[PDB]
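Worksheet: one structure, shown below.
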Amino acid sequence: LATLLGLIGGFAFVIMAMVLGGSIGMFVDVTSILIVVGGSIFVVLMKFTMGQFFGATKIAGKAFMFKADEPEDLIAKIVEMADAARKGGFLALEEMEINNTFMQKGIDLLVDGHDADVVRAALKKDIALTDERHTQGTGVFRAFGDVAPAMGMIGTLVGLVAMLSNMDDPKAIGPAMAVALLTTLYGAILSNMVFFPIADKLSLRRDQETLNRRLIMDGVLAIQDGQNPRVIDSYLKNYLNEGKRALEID
Amino acid sequence: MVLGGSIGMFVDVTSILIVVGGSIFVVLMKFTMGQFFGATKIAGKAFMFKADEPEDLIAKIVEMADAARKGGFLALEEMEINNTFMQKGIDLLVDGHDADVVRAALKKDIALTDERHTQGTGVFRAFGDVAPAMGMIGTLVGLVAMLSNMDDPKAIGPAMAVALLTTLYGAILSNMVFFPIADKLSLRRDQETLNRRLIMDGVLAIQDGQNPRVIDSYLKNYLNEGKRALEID
Amino acid sequence: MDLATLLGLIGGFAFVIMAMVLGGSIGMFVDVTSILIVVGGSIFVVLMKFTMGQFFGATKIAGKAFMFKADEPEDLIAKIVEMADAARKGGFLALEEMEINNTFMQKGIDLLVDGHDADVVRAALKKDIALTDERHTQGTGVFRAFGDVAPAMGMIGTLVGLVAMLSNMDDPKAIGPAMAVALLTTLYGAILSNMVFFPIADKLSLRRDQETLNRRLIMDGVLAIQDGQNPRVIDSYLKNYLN
Amino acid sequence: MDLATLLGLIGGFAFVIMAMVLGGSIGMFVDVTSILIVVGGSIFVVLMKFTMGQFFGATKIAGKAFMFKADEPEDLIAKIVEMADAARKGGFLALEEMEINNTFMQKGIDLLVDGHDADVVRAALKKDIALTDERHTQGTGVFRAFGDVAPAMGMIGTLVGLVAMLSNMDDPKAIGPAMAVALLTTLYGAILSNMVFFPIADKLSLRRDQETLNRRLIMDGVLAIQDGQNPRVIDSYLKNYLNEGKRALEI
Amino acid sequence: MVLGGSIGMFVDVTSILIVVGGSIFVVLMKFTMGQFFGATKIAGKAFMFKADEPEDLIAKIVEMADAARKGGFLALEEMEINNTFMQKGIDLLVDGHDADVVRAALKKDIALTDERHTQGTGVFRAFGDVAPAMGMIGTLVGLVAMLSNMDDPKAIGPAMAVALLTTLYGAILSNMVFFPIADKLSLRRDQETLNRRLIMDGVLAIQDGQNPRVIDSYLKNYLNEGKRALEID
Amino acid sequence: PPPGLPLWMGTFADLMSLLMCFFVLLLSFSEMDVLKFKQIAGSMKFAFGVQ
Amino acid sequence: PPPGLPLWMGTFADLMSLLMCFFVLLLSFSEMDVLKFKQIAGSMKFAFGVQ
């Protein structure tokens, strides 16, 4: 994603312009980041099990490395199987090539032979399932963002009491105090630029996937009804003027 | 500022980078670059163009209705039109389309504009929420850099400059730039709803053939409730 | 307000002022530039959410909440059952001879006696109650915005003053007084936020709640008046709605 | 007095002894300007929102909560059933021959024996319960406002103290005590908020719950006596209401 | 409190007393002693025990479903149930009562458990809110003590130690014990409510003389709501 | 969601960090008495479990 | 309900207060060095674009 390239560029520029005054070793510490991340995982794990946290992590991974199918390529595909059914019925749907799991599941339920109610119930259950899955991932990362600064300040306090146990020199208090504050800095950065942004991007991917899934169930319901692609064109592009994609258009 | 000194005393590449770049990064992590440009476009249009006076719209709706009644349903294409949405209404009425289809088109346009304004308000309120957080982060970075380099004044100076100006920039952008822009977009959204409601109802009355004497009275029923109630008694 | 309440307010202000006096000179804590920065910036920022008419309306509605007290509910029930008895022993024309206690009730009975239907009178009172409620909500919003931005303006002014102080040191013994003056802006912003704007906003919200209850009671009372119902039932119904 | 208030008093005494031992003396935790700022600003702000009469009513209800322990509900039920037996086997006139420690129940009993019908009796008892609930809610609101404003006033006073210390700061190596005096105002705000006003508001909430439960039991009992129901049936009714009226945390 | 080198650094009786005792005082003013002790018991039960897994619940319910389908409402007595709520439900089934009364009783019991867990969560959230506030009281007391006796070195140490350790204990107790305990209580509330809804649905489905397999489908419908379905892939 | 903490606490923390910066400045151009810093250092070690 | 600041903001202000007062304590026994003051002031006027 171009947003990911912008993320990499911003990361590099921010680091380079932060570490310019002195050396990178003052703002880099594996112990501080380890303290913050370990304490935050432990706290969230008291309220989420290992499986639900790994699920949230894997959904975040899917939301970052991969990209949701565009709701325009989706239109091309839906009108394609609309033409296929109009020329040769539902018997032409299976040999087609589909790269989206949800339309494939819908049509594989359609081929067997089922009326509108059962297929609609199955599709709505799947849409609600994926929406809830993304919602729990956003909840996990909101919890991570809420607890990361608290763990960073606890780490800072522990570092400060460790510093107050190691004195006798006017010159070590400054570097020691800086290393102690590094934990709070890492907690703030992880809260504001990782965990809350990851939760926000998870909510964004939830919105994109929910919009795509309503588009797909409506497309499959129209194809099962056997409607022609004309009125279908309008009744599916009208859903493309909601959310943020209707903001980006001019 | 100008009495304290100059604008030159608030300039730092590191502080500007921290606050603005971090805010942009956070917002782009939940918004697309093109949608953010669209929000900037709508903010610029809200700032460079005042919303049309509701009284002017009611009066002008009455004049087109008079013209239509004098010269049939095709008499509104010879004199100037102010905005593009009513222009679209006019060029759909000139096509002799039925009431339901034009009503659907106008309701889609109102909903689209409402979504654009609400989304612009959301983007800029996100910007205003993240800017002071970045200012606090900048204060923390500058404090760490100061404490790490207390023996070097050449490092003490820039570190405190980062710490102070990150907070100053976060506060200024949040409370004087980003939140004010979001508030202006919310106000402009309310104005759009009032003008669009007045015009679609006017088009509906013209299409229905209602005499303009009742139409003006009906449209006046809208202007007497809204945010302007602090001026009314 | 009550003389006891005004005396207590003046006493608290006096206590704060003397406590300021005992900590040294009071001209040490006075700076015209800082108060101009805070007040002018707050007005400038708030004017990007409210027009001058809206700001003056909020000022007026906050001012009339300090010199007029919301009418106590029992007096309203007593008065409404009084005109209930008046209508039963007399007619609708007997209400005109009753002198002015509340503007809302007066305009309601005036719209009631000039010959209008029950539903239209109910609608007029409903619009007026909603109008007053939204007026109070906008005033609360104005003062909440002032209380939210005043600390922000205090912090911008302290940072600007401190940057000006760091721009030319030239003297180590002059650092402290400069920082004191710069912090004066934060002190004024905090005082205006937490002692003036948020208290009036909270008071106006509270006055919104009592006024909504009171106006609901008056509207129910006048609607009962138009029914020509039994006044004892009105008293019982209103007392039940109180609890 | 309950265990909570005794614990608070002993904890405050231990806090004072700890402070004096830590600081050697006690006169540096006492500053007239800081106390004046916090108390005067809190009263000032609270009086912008409540009347002086309301402030006195809140103070009185708090004093009554901290001086008179609420009656235990079982004792009230025992009293209602014994006078119920007395009225069942002695009529209404037998109700003026035994002592009553409760002013609200005494008012209900006189109102019951003076021949008033059920409608007026219920209306008056409901009015009394609503007045007590409104008094307690208003007191809770007043003390909540005090707890909300006291630390804000403390931060204002600490700003005043910092301005005073820095304005009088030449060659900073004697600024310790002045900085401590500046912090005293926020210390006062924190102590008044966390240890006085919010605890008083919470105890007023608990007393509101207790008095609502107690008053509902007594009104139900008095109305049952007005109709002369059997003492055992009304006894059963009160037991069911108390066990369902009890929360889930203690069952 | 281990990264300092040992535990002996992070121990002061004064800080522990001020923080824990102040928090305890505030909580007993907010809540009665019975509520506080009940909250402690429910937290201990939620941590040391585990709610019955819904899978086993559906298996057992369909087991008695088939048992009732082969022998009507009389076979249920002769098998063992390790769960208290389903046993009370089946007892209310076999004692010859109608669906309405048993449904009312089960609804009352579910609401009672939900309210008990909610109040325990409230108690521990009050603890986690007050603990940092007590840390703030201790920080100010210790800092006042420190600034007052700057000329007394033997008084400087303990005052700063109390000030720092009060804050450390308040932060640790609030964010790593009390708020986590409240969150665990909320998690157990959601899980427990789901399990009890499964059991009430199973009981109503067994009364309804209905096939066990459609019963199984309705119960499997409940396994994809909440945090469990996030784990489900 | 929990209501959170009031804005005055945020102002107080921002002011506290500003005062940190300026007190770091005053200690930046200063020469600590080495003799007077070890009695207090010994006292903090004594009061923290080390001694 | 109108939102506020996160619950860790109180601990952050706590930490800011503790550190500030640690620096006033360190500043209590530290003597000013005027040459270092001139150097830091020059670096300060360089870092703020004032030459």
How large is ³J(HN,Hα) for each residue in segment E:94-99, as worked out from phi by the Karplus curve 6.51 cos²θ - 1.76 cosθ + 1.60 (θ = phi - 60°), to whole Hz, x for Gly and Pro?
-> 7, 7, x, 10, 6, 5
Between F:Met32 and residues 5 or more places away or on another chain, the pairs with built amide H atoms under 5 Å apart involve G:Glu31
Label-point separation, C:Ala174 to C:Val30 (7 Å along Cα→Cβ), nm | 2.4
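Give me Rg over Rh for segment B:16-83, both radii from the alpha carbons and Rh done the Kirkwood way, two decimal places.
Numbers: Rg = 21.3 Å, Rh = 16.0 Å.
When Rh is taken as the Kirkwood radius, the ratio is 1.33.
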Tabulate in residue order the Karplus-calculated ³J(HN,Hα) for segment D:234-251, using 6.51 cos²θ - 1.76 cosθ + 1.60 with θ = phi - 60°, rounded to whole Hz; enter x for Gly and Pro.
-> 6, 4, 4, 4, 5, 4, 4, 5, 5, 5, 6, x, 5, 6, 8, 6, 10, 10
Which net charge results when you count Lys and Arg as +1 and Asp and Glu as -1 among the other residues whose beta-carbon is under 15 Å from that of E:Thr121?
-> +4
Cα centroid of segment C:215-235 to Cα centroid of segment B:105-181, whole Å | 56
Answer rounded, prolate or oblate for chain F, using the Cα gyration tensor with square roots of eigenvalues a ≥ b ≥ c: rounded when a/c is under 1.5, else prolate when a/b is larger than b/c, else oblate.
-> oblate
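For peptide A:205-211, what's the mean number of Cβ atoms from other chains within 10 Å of each residue's Cβ?
Working: counts 1, 0, 0, 0, 0, 0, 0.
Average per residue, whole number: 0.
Quick one: compute a quarter of the convex hull surface over the Cα atoms of the protein assembly as shown and quote it in nm². Numbers along the way, then the final one.
Working: hull surface 244.8 nm².
Its average projected convex-hull area is 61.2 nm².
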Share of alpha-carbon pairs per 10 Å distance bin for segment E:13-225, given as whole % = 8, 25, 22, 16, 12, 8, 5, 3, 0
Label distances, nm, G:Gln51 versus same residue in remaining copies, Cβ-directed 7 Å point = 5.4
Chain B - mean residue ellipticity at 222 nm from DSSP helices (-39,500 (n - 2.57) per run, n ≥ 4, rounded to 500) = -24000 deg cm²/dmol
Helix D:118-167 sits off the longest principal axis of the Cα atoms of chain D, rounded to the nearest 10 on a 0 to 90 degree scale, by 10
Taking the alpha-carbon centre of each part, the distance from segment A:77-108 to segment F:13-39 in Å is 73
Residues with beta-carbon under 14 Å from that of B:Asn149, excluding B:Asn149: net charge, scoring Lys, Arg +1 and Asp, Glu -1?
-> +1
Going residue by residue through segment A:74-79, the Karplus relation 6.51 cos²θ - 1.76 cosθ + 1.60 with θ = phi - 60° gives ³J(HN,Hα) values, rounded to whole Hz and with x marking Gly or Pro, of 4, 4, 4, 4, 4, 5
Taking Cα centroids, how far is segment D:42-70 from segment D:163-209 in Å?
-> 22
Three principal axis extents, largest first, for the C-alpha atoms of segment C:90-223, in Å?
-> 88, 25, 19
Taking the Cβ of D:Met48 as the center, what net charge do the other residues with Cβ under 10 Å away carry, scoring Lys and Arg +1 and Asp and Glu -1?
-> +1
So how far apart, in nm, are the two label points at E:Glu80 and B:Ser217 if each is 7 Å from Cα heading toward Cβ?
-> 8.5
Once amide hydrogens are built 1.01 Å from N within the peptide plane, the residues lying 5 or more places from G:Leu5 or on another chain with amide H under 5 Å from its amide H are F:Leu5
Who wins for biggest fluctuation among B:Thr166, B:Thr32, B:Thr121 in a Gaussian network model of chain B, springs between alpha carbons below 10 Å?
-> B:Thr32
About its Cα centre, segment A:29-248 carries a charge dipole, from +1 on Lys and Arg Cβ atoms and -1 on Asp and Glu Cβ atoms, whose size in debye to the nearest 20 is 440
Most to least packed among C:169-181, D:183-195 [average Cβ atoms within 10 Å] = D:183-195, C:169-181
Quick calc, B:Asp98 & A:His114: beta-carbon distance into FRET formula, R0 45 Å, rounding 0.05, result 0.75
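Could you tell me the convex hull volume per residue, in Å³, taken over the Cα atoms of segment A:1-154? Each step should come with its number before you reach the end.
Values: hull volume 23.7 nm³, N = 154.
Convex hull volume per residue, Cα atoms: 154 Å³.
Is there a simple number for the mean count of other chain Cβ atoms within 10 Å of the Cβ of residues in A:5-15, and what is it? List each step's numbers first, then the result.
Working: counts 0, 5, 3, 0, 2, 8, 1, 0, 3, 7, 0.
If you average over the peptide's residues, the count of other-chain Cβ atoms is 3.
If the viscosity is 1.002 mPa s and the temperature 20 °C, what translational diffusion coefficient in µm²/s does Stokes-Einstein give for segment A:8-66 when Rh comes from Kirkwood over Cα pairs? Don't skip to the end; give the middle numbers.
Details: Rh = 14.2 Å.
For these conditions, the coefficient is 151 µm²/s.
All Cβ positions, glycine included, derive from the backbone under ideal geometry; neighbour counts span all protein chains shown. Coordinate-derived values only; no laboratory data.
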